[PDB]
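Next comes coords.cif, a file with mmCIF, N, CA and C atoms.
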data_protein
#
loop_
_atom_site.label_atom_id
_atom_site.label_comp_id
_atom_site.auth_asym_id
_atom_site.auth_seq_id
_atom_site.Cartn_x
_atom_site.Cartn_y
_atom_site.Cartn_z
N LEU A 2 5.93 -2.56 -19.56
CA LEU A 2 5.85 -1.95 -18.20
C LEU A 2 6.94 -2.53 -17.30
N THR A 3 7.23 -1.80 -16.21
CA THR A 3 8.33 -2.12 -15.32
C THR A 3 7.91 -3.28 -14.43
N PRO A 4 8.77 -4.29 -14.15
CA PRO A 4 8.39 -5.43 -13.33
C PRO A 4 8.01 -5.10 -11.89
N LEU A 5 8.37 -3.89 -11.43
CA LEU A 5 7.94 -3.41 -10.13
C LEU A 5 6.46 -3.00 -10.18
N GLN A 6 6.11 -2.16 -11.15
CA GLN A 6 4.72 -1.76 -11.35
C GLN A 6 3.84 -3.02 -11.32
N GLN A 7 4.30 -4.08 -12.00
CA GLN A 7 3.53 -5.31 -12.15
C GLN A 7 3.45 -6.07 -10.82
N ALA A 8 4.54 -6.07 -10.06
CA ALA A 8 4.61 -6.82 -8.82
C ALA A 8 3.57 -6.32 -7.82
N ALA A 9 3.35 -5.00 -7.80
CA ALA A 9 2.35 -4.40 -6.94
C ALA A 9 0.94 -4.66 -7.49
N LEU A 10 0.82 -4.82 -8.81
CA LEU A 10 -0.46 -5.08 -9.47
C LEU A 10 -1.01 -6.44 -9.06
N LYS A 11 -0.11 -7.41 -8.85
CA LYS A 11 -0.49 -8.76 -8.46
C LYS A 11 -1.37 -8.74 -7.22
N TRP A 12 -1.05 -7.85 -6.27
CA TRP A 12 -1.74 -7.80 -4.99
C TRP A 12 -2.83 -6.73 -5.00
N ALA A 13 -2.59 -5.61 -5.68
CA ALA A 13 -3.58 -4.54 -5.78
C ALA A 13 -4.84 -5.04 -6.51
N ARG A 14 -4.65 -5.84 -7.56
CA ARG A 14 -5.77 -6.47 -8.25
C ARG A 14 -6.58 -7.30 -7.26
N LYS A 15 -5.89 -8.12 -6.47
CA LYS A 15 -6.52 -8.95 -5.46
C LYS A 15 -7.26 -8.07 -4.44
N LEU A 16 -6.76 -6.86 -4.22
CA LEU A 16 -7.35 -5.92 -3.28
C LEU A 16 -8.37 -5.03 -3.98
N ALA A 17 -8.42 -5.08 -5.31
CA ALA A 17 -9.45 -4.38 -6.05
C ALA A 17 -10.57 -5.35 -6.37
N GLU A 18 -10.21 -6.51 -6.94
CA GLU A 18 -11.15 -7.59 -7.17
C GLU A 18 -11.93 -7.82 -5.88
N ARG A 19 -11.23 -7.77 -4.74
CA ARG A 19 -11.88 -7.79 -3.44
C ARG A 19 -12.06 -6.35 -2.96
N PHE A 20 -13.18 -6.07 -2.30
CA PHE A 20 -13.56 -4.72 -1.89
C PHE A 20 -13.61 -3.80 -3.11
N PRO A 21 -14.41 -4.13 -4.14
CA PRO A 21 -14.44 -3.32 -5.36
C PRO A 21 -15.03 -1.92 -5.18
N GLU A 22 -15.49 -1.61 -3.97
CA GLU A 22 -15.93 -0.26 -3.64
C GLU A 22 -14.95 0.73 -4.25
N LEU A 23 -13.68 0.55 -3.89
CA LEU A 23 -12.59 1.34 -4.44
C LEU A 23 -11.61 0.41 -5.13
N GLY A 24 -12.06 -0.21 -6.23
CA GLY A 24 -11.19 -1.05 -7.04
C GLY A 24 -10.24 -0.21 -7.90
N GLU A 25 -10.46 1.11 -7.92
CA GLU A 25 -9.73 2.01 -8.80
C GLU A 25 -8.43 2.48 -8.14
N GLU A 26 -8.51 3.56 -7.36
CA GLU A 26 -7.34 4.28 -6.89
C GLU A 26 -6.44 3.39 -6.05
N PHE A 27 -7.02 2.32 -5.49
CA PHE A 27 -6.24 1.35 -4.73
C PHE A 27 -5.14 0.77 -5.62
N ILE A 28 -5.41 0.68 -6.93
CA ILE A 28 -4.40 0.30 -7.90
C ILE A 28 -3.50 1.50 -8.19
N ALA A 29 -4.09 2.57 -8.74
CA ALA A 29 -3.31 3.70 -9.22
C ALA A 29 -2.37 4.19 -8.13
N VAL A 30 -2.95 4.69 -7.04
CA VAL A 30 -2.20 5.33 -5.97
C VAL A 30 -1.02 4.45 -5.60
N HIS A 31 -1.24 3.14 -5.54
CA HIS A 31 -0.15 2.21 -5.28
C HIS A 31 0.79 2.16 -6.47
N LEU A 32 0.23 2.04 -7.68
CA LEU A 32 1.05 1.90 -8.87
C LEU A 32 2.07 3.04 -8.98
N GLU A 33 1.60 4.28 -8.82
CA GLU A 33 2.48 5.44 -8.88
C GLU A 33 3.64 5.23 -7.91
N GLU A 34 3.31 4.72 -6.71
CA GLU A 34 4.29 4.50 -5.67
C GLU A 34 5.34 3.49 -6.12
N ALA A 35 4.90 2.42 -6.81
CA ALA A 35 5.81 1.38 -7.28
C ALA A 35 6.84 1.93 -8.27
N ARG A 36 6.51 3.05 -8.92
CA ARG A 36 7.42 3.69 -9.85
C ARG A 36 8.41 4.59 -9.11
N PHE A 37 7.92 5.28 -8.07
CA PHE A 37 8.78 5.98 -7.12
C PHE A 37 9.74 4.98 -6.48
N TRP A 38 9.19 3.89 -5.95
CA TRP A 38 9.97 2.86 -5.28
C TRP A 38 11.13 2.39 -6.16
N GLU A 39 10.82 2.18 -7.44
CA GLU A 39 11.81 1.81 -8.43
C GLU A 39 12.98 2.79 -8.36
N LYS A 40 12.64 4.08 -8.28
CA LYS A 40 13.62 5.15 -8.21
C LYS A 40 14.23 5.20 -6.81
N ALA A 41 14.43 4.02 -6.22
CA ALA A 41 15.12 3.91 -4.94
C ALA A 41 15.62 2.48 -4.77
N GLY A 42 16.23 1.94 -5.84
CA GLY A 42 16.94 0.67 -5.80
C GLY A 42 16.11 -0.46 -5.19
N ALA A 43 14.77 -0.34 -5.29
CA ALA A 43 13.87 -1.33 -4.73
C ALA A 43 13.88 -2.55 -5.64
N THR A 44 13.55 -3.70 -5.06
CA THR A 44 13.55 -4.96 -5.78
C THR A 44 12.12 -5.50 -5.78
N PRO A 45 11.72 -6.34 -6.77
CA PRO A 45 10.33 -6.79 -6.85
C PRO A 45 9.86 -7.47 -5.57
N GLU A 46 10.75 -8.25 -4.95
CA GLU A 46 10.44 -9.05 -3.78
C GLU A 46 10.27 -8.15 -2.56
N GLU A 47 10.89 -6.96 -2.59
CA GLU A 47 10.72 -5.96 -1.54
C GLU A 47 9.37 -5.24 -1.70
N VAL A 48 8.70 -5.45 -2.85
CA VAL A 48 7.40 -4.86 -3.13
C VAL A 48 6.31 -5.93 -2.97
N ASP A 49 6.46 -7.05 -3.70
CA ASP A 49 5.51 -8.16 -3.62
C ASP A 49 5.07 -8.33 -2.17
N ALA A 50 6.06 -8.53 -1.29
CA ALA A 50 5.79 -8.66 0.13
C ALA A 50 4.83 -7.57 0.57
N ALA A 51 5.26 -6.32 0.40
CA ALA A 51 4.52 -5.18 0.92
C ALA A 51 3.04 -5.31 0.58
N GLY A 52 2.75 -5.58 -0.70
CA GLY A 52 1.38 -5.72 -1.15
C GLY A 52 0.67 -6.82 -0.38
N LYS A 53 1.22 -8.04 -0.47
CA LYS A 53 0.61 -9.20 0.15
C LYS A 53 0.33 -8.88 1.61
N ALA A 54 1.23 -8.13 2.25
CA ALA A 54 0.98 -7.64 3.59
C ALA A 54 -0.32 -6.85 3.60
N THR A 55 -0.36 -5.75 2.84
CA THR A 55 -1.53 -4.88 2.79
C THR A 55 -2.77 -5.74 2.59
N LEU A 56 -2.68 -6.68 1.64
CA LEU A 56 -3.73 -7.65 1.41
C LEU A 56 -4.14 -8.24 2.75
N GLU A 57 -3.20 -8.96 3.38
CA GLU A 57 -3.45 -9.59 4.67
C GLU A 57 -4.19 -8.59 5.54
N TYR A 58 -3.58 -7.40 5.69
CA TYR A 58 -4.07 -6.35 6.57
C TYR A 58 -5.56 -6.14 6.34
N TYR A 59 -5.94 -5.81 5.11
CA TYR A 59 -7.29 -5.35 4.86
C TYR A 59 -8.27 -6.51 5.02
N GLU A 60 -7.98 -7.66 4.40
CA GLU A 60 -8.93 -8.77 4.40
C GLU A 60 -9.12 -9.27 5.83
N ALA A 61 -8.12 -9.01 6.68
CA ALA A 61 -8.22 -9.25 8.11
C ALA A 61 -8.99 -8.13 8.80
N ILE A 62 -8.89 -6.90 8.28
CA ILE A 62 -9.75 -5.82 8.74
C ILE A 62 -11.19 -6.17 8.41
N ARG A 63 -11.38 -6.93 7.32
CA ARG A 63 -12.70 -7.36 6.88
C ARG A 63 -13.27 -8.40 7.84
N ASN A 64 -12.57 -9.53 7.98
CA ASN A 64 -13.01 -10.62 8.83
C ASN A 64 -13.06 -10.15 10.28
N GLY A 65 -11.95 -9.57 10.77
CA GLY A 65 -11.95 -8.83 12.03
C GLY A 65 -10.83 -9.21 12.99
N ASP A 66 -9.97 -10.18 12.62
CA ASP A 66 -8.84 -10.59 13.44
C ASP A 66 -7.92 -9.38 13.64
N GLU A 67 -7.99 -8.77 14.84
CA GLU A 67 -7.27 -7.55 15.15
C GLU A 67 -5.78 -7.83 15.33
N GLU A 68 -5.41 -9.09 15.55
CA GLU A 68 -4.01 -9.47 15.68
C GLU A 68 -3.36 -9.56 14.29
N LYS A 69 -4.06 -10.22 13.35
CA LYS A 69 -3.54 -10.44 12.01
C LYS A 69 -3.32 -9.10 11.30
N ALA A 70 -4.13 -8.09 11.65
CA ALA A 70 -4.02 -6.75 11.10
C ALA A 70 -2.66 -6.15 11.42
N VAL A 71 -2.37 -5.96 12.71
CA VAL A 71 -1.11 -5.39 13.17
C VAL A 71 0.05 -6.26 12.69
N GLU A 72 -0.17 -7.58 12.61
CA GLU A 72 0.81 -8.49 12.04
C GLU A 72 1.20 -8.02 10.64
N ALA A 73 0.22 -7.57 9.85
CA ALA A 73 0.43 -7.20 8.46
C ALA A 73 0.68 -5.70 8.29
N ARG A 74 -0.09 -4.87 9.01
CA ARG A 74 0.00 -3.42 8.92
C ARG A 74 1.34 -2.91 9.43
N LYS A 75 2.11 -3.78 10.10
CA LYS A 75 3.42 -3.41 10.61
C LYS A 75 4.53 -3.96 9.71
N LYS A 76 4.34 -5.16 9.13
CA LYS A 76 5.35 -5.73 8.26
C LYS A 76 5.47 -4.87 7.01
N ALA A 77 4.32 -4.38 6.52
CA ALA A 77 4.28 -3.44 5.40
C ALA A 77 4.87 -2.10 5.83
N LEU A 78 4.49 -1.63 7.02
CA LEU A 78 4.97 -0.35 7.54
C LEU A 78 6.47 -0.40 7.82
N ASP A 79 7.01 -1.60 8.11
CA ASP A 79 8.43 -1.76 8.39
C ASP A 79 9.22 -2.05 7.11
N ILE A 80 8.67 -1.63 5.96
CA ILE A 80 9.36 -1.73 4.68
C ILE A 80 9.44 -0.34 4.04
N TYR A 81 8.29 0.34 3.91
CA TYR A 81 8.22 1.59 3.17
C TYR A 81 8.97 2.69 3.93
N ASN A 82 9.04 2.58 5.26
CA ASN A 82 9.80 3.53 6.05
C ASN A 82 11.19 3.67 5.43
N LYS A 83 11.84 2.53 5.16
CA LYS A 83 13.17 2.50 4.57
C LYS A 83 13.14 3.12 3.18
N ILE A 84 12.14 2.73 2.38
CA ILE A 84 12.02 3.17 1.00
C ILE A 84 11.86 4.69 0.97
N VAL A 85 10.95 5.23 1.78
CA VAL A 85 10.74 6.66 1.83
C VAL A 85 12.07 7.32 2.20
N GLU A 86 12.82 6.68 3.11
CA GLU A 86 14.11 7.18 3.57
C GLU A 86 15.14 7.15 2.43
N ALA A 87 15.12 6.10 1.61
CA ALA A 87 15.99 6.03 0.44
C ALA A 87 15.60 7.10 -0.56
N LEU A 88 14.29 7.29 -0.74
CA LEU A 88 13.78 8.35 -1.60
C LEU A 88 14.11 9.71 -0.98
N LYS A 89 14.22 9.76 0.35
CA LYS A 89 14.60 10.98 1.05
C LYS A 89 16.06 11.32 0.74
N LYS A 90 16.89 10.30 0.52
CA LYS A 90 18.26 10.50 0.05
C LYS A 90 18.27 10.63 -1.47
N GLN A 91 17.43 11.53 -2.00
CA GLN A 91 17.35 11.77 -3.43
C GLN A 91 17.23 13.27 -3.67
N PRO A 92 17.48 13.74 -4.92
CA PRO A 92 17.37 15.16 -5.26
C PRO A 92 16.03 15.83 -4.93
N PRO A 93 16.02 17.12 -4.51
CA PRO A 93 14.79 17.91 -4.40
C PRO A 93 14.09 18.19 -5.73
N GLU A 94 14.44 17.39 -6.75
CA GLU A 94 13.76 17.35 -8.03
C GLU A 94 12.80 16.16 -8.07
N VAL A 95 13.14 15.10 -7.32
CA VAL A 95 12.24 13.97 -7.13
C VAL A 95 11.48 14.14 -5.81
N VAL A 96 12.13 14.76 -4.81
CA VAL A 96 11.54 14.98 -3.49
C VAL A 96 10.25 15.78 -3.61
N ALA A 97 10.28 16.85 -4.42
CA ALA A 97 9.11 17.70 -4.59
C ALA A 97 7.94 16.90 -5.16
N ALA A 98 8.23 15.74 -5.77
CA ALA A 98 7.20 14.86 -6.31
C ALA A 98 6.56 14.03 -5.20
N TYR A 99 7.38 13.39 -4.35
CA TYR A 99 6.85 12.55 -3.29
C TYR A 99 6.20 13.41 -2.20
N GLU A 100 6.73 14.61 -1.94
CA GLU A 100 6.19 15.48 -0.90
C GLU A 100 4.82 16.04 -1.30
N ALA A 101 4.31 15.62 -2.46
CA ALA A 101 2.97 15.99 -2.88
C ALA A 101 2.08 14.76 -3.09
N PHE A 102 2.66 13.65 -3.57
CA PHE A 102 1.93 12.42 -3.82
C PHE A 102 1.67 11.66 -2.51
N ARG A 103 2.74 11.38 -1.76
CA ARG A 103 2.66 10.61 -0.53
C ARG A 103 1.36 10.96 0.18
N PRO A 104 1.05 12.26 0.41
CA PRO A 104 -0.23 12.67 1.00
C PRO A 104 -1.42 11.83 0.57
N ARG A 105 -1.47 11.50 -0.72
CA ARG A 105 -2.58 10.76 -1.30
C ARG A 105 -2.46 9.28 -0.96
N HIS A 106 -1.22 8.80 -0.84
CA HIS A 106 -0.97 7.44 -0.39
C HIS A 106 -1.47 7.30 1.05
N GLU A 107 -1.22 8.34 1.87
CA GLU A 107 -1.76 8.40 3.22
C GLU A 107 -3.29 8.43 3.15
N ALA A 108 -3.81 9.29 2.26
CA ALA A 108 -5.23 9.51 2.11
C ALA A 108 -5.94 8.23 1.69
N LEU A 109 -5.35 7.50 0.74
CA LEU A 109 -5.90 6.22 0.34
C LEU A 109 -6.08 5.35 1.58
N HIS A 110 -4.99 5.14 2.33
CA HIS A 110 -4.98 4.18 3.43
C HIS A 110 -5.92 4.64 4.54
N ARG A 111 -5.80 5.92 4.93
CA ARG A 111 -6.67 6.53 5.93
C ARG A 111 -8.14 6.38 5.55
N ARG A 112 -8.44 6.48 4.25
CA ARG A 112 -9.79 6.28 3.76
C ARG A 112 -10.14 4.80 3.84
N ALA A 113 -9.28 3.97 3.24
CA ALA A 113 -9.54 2.54 3.10
C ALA A 113 -9.82 1.91 4.46
N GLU A 114 -8.81 1.88 5.33
CA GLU A 114 -8.98 1.44 6.70
C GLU A 114 -10.39 1.82 7.14
N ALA A 115 -10.63 3.13 7.25
CA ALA A 115 -11.84 3.67 7.83
C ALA A 115 -13.07 2.97 7.25
N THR A 116 -13.19 3.03 5.92
CA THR A 116 -14.32 2.43 5.23
C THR A 116 -14.40 0.95 5.57
N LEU A 117 -13.28 0.23 5.38
CA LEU A 117 -13.29 -1.21 5.48
C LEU A 117 -13.64 -1.65 6.90
N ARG A 118 -13.26 -0.84 7.90
CA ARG A 118 -13.67 -1.08 9.28
C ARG A 118 -15.18 -0.87 9.41
N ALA A 119 -15.66 0.27 8.89
CA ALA A 119 -17.06 0.67 8.99
C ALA A 119 -17.98 -0.42 8.44
N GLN A 120 -17.49 -1.15 7.43
CA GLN A 120 -18.22 -2.27 6.86
C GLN A 120 -18.56 -3.27 7.96
N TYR A 121 -17.55 -3.72 8.72
CA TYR A 121 -17.78 -4.81 9.66
C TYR A 121 -18.54 -4.27 10.86
N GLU A 122 -18.36 -2.98 11.17
CA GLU A 122 -19.19 -2.33 12.17
C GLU A 122 -20.57 -2.04 11.58
N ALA A 123 -21.16 -3.06 10.94
CA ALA A 123 -22.48 -2.93 10.35
C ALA A 123 -23.07 -4.32 10.12
N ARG A 124 -23.63 -4.90 11.19
CA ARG A 124 -24.39 -6.14 11.12
C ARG A 124 -25.89 -5.81 11.02
#

The structure in this file should be written as structure tokens.
Amino acid sequence: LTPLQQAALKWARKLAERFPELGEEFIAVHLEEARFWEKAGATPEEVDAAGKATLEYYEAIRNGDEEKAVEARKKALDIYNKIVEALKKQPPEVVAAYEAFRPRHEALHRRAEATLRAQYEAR
């Protein structure tokens, strides 16, 4: 397997092992992305970070530190923007792929956030 796929697995596992509600697609949906990312001159360290960020983000969404969230939800967000843009500078043979998958990457996060917040809004 590609060292990028694996680099995202390091953190996705930690995010699946934790919050096992959705221990599944949290890996896959991300994994697929790590293969797209590869197809945009991405480096493992440009991914590792992103994950660990997301990690920070969610587990802070869990505990509830609203500062640590934006700290992480933005450092991650201030990486993929570039990547999507690099992927945007690619053929409409790969573009047609991301313009259908990305939706699910959005859907994962939009779902995850929501659920993971709803958890703590339940004492």

From a backbone DSSP assignment, name each residue in chain A labelled alpha helix (DSSP H), as a count of residues only. 97

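Applied to the file shown here, the PyMOL selection byres ((chain A and resi 83-89) around 8) selects the residues residues 37, 38, 40, 41, 42, 43, 78, 79, 80, 81, 82, 90, 91, 92, 93, 95 and 96 of chain A.
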
Could you check how far atom N of residue 57 (chain A) sits from atom C of residue 13 (chain A), in Å to one decimal?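 Result for atom N of residue 57 (chain A) versus atom C of residue 13 (chain A): 10.8 Å, one decimal.
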
Kindly extract all protein, DNA and RNA residues lying within 10 Å of the coordinates (-2.8, 1.0, 4.0) given in the file, considering only C-alpha atoms, and supply them as a ChimeraX atom specification. /A:27,31,52,54-56,58-59,73-74,77-78,106-114

Gap from atom N of residue 36 (chain A) to atom N of residue 5 (chain A) - Å, one decimal: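 Straight-line distance from atom N of residue 36 (chain A) to atom N of residue 5 (chain A) works out to 7.6 Å.
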
Would you mind reading off the distance between CA of residue 72 (chain A) and CA of residue 15 (chain A), one decimal, in Å?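 Interatomic distance here is 19.0 Å.
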
Counting only C-alpha atoms, note down every residue that has an atom within 12 Å of the point (0.8, -10.0, -7.9) (file coordinates), as a ChimeraX atom specification. /A:4-17,28,32,45-46,48-54,56

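Proximity of A:69, A:75, A:105, A:63 to residue 118 (chain A), computed with all atoms listed in the file, is greatest for A:63.
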
Please fill the gaps in region 64-83 of chain A so it has N, CA, C and O atoms, and write that as a short mmCIF file (atom, residue, chain, number, x, y, z; two decimals), in the coordinates of the input.
data_model
loop_
_atom_site.label_atom_id
_atom_site.label_comp_id
_atom_site.auth_asym_id
_atom_site.auth_seq_id
_atom_site.Cartn_x
_atom_site.Cartn_y
_atom_site.Cartn_z
N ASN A 64 -12.57 -9.53 7.98
CA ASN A 64 -13.01 -10.62 8.83
C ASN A 64 -13.06 -10.15 10.28
O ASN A 64 -14.07 -10.32 10.95
N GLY A 65 -11.95 -9.57 10.77
CA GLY A 65 -11.95 -8.83 12.03
C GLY A 65 -10.83 -9.21 12.99
O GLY A 65 -10.75 -8.62 14.08
N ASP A 66 -9.97 -10.18 12.62
CA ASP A 66 -8.84 -10.59 13.44
C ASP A 66 -7.92 -9.38 13.64
O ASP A 66 -7.16 -9.02 12.75
N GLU A 67 -7.99 -8.77 14.84
CA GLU A 67 -7.27 -7.55 15.15
C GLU A 67 -5.78 -7.83 15.33
O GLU A 67 -4.97 -6.90 15.28
N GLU A 68 -5.41 -9.09 15.55
CA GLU A 68 -4.01 -9.47 15.68
C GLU A 68 -3.36 -9.56 14.29
O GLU A 68 -2.26 -9.06 14.09
N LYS A 69 -4.06 -10.22 13.35
CA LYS A 69 -3.54 -10.44 12.01
C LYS A 69 -3.32 -9.10 11.30
O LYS A 69 -2.44 -8.98 10.45
N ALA A 70 -4.13 -8.09 11.65
CA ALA A 70 -4.02 -6.75 11.10
C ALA A 70 -2.66 -6.15 11.42
O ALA A 70 -1.88 -5.89 10.51
N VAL A 71 -2.37 -5.96 12.71
CA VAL A 71 -1.11 -5.39 13.17
C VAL A 71 0.05 -6.26 12.69
O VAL A 71 1.13 -5.75 12.42
N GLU A 72 -0.17 -7.58 12.61
CA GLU A 72 0.81 -8.49 12.04
C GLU A 72 1.20 -8.02 10.64
O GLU A 72 2.38 -8.05 10.29
N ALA A 73 0.22 -7.57 9.85
CA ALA A 73 0.43 -7.20 8.46
C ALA A 73 0.68 -5.70 8.29
O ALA A 73 1.55 -5.30 7.52
N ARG A 74 -0.09 -4.87 9.01
CA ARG A 74 0.00 -3.42 8.92
C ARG A 74 1.34 -2.91 9.43
O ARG A 74 1.67 -1.75 9.23
N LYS A 75 2.11 -3.78 10.10
CA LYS A 75 3.42 -3.41 10.61
C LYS A 75 4.53 -3.96 9.71
O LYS A 75 5.56 -3.31 9.55
N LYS A 76 4.34 -5.16 9.13
CA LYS A 76 5.35 -5.73 8.26
C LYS A 76 5.47 -4.87 7.01
O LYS A 76 6.57 -4.65 6.51
N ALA A 77 4.32 -4.38 6.52
CA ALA A 77 4.28 -3.44 5.40
C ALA A 77 4.87 -2.10 5.83
O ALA A 77 5.66 -1.51 5.09
N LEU A 78 4.49 -1.63 7.02
CA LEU A 78 4.97 -0.35 7.54
C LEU A 78 6.47 -0.40 7.82
O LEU A 78 7.14 0.63 7.76
N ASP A 79 7.01 -1.60 8.11
CA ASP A 79 8.43 -1.76 8.39
C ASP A 79 9.22 -2.05 7.11
O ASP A 79 10.30 -2.63 7.18
N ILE A 80 8.67 -1.63 5.96
CA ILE A 80 9.36 -1.73 4.68
C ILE A 80 9.44 -0.34 4.04
O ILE A 80 10.53 0.10 3.67
N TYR A 81 8.29 0.34 3.91
CA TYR A 81 8.22 1.59 3.17
C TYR A 81 8.97 2.69 3.93
O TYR A 81 9.47 3.62 3.32
N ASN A 82 9.04 2.58 5.26
CA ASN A 82 9.80 3.53 6.05
C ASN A 82 11.19 3.67 5.43
O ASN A 82 11.63 4.79 5.17
N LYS A 83 11.84 2.53 5.16
CA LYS A 83 13.17 2.50 4.57
C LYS A 83 13.14 3.12 3.18
O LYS A 83 14.00 3.93 2.84
#
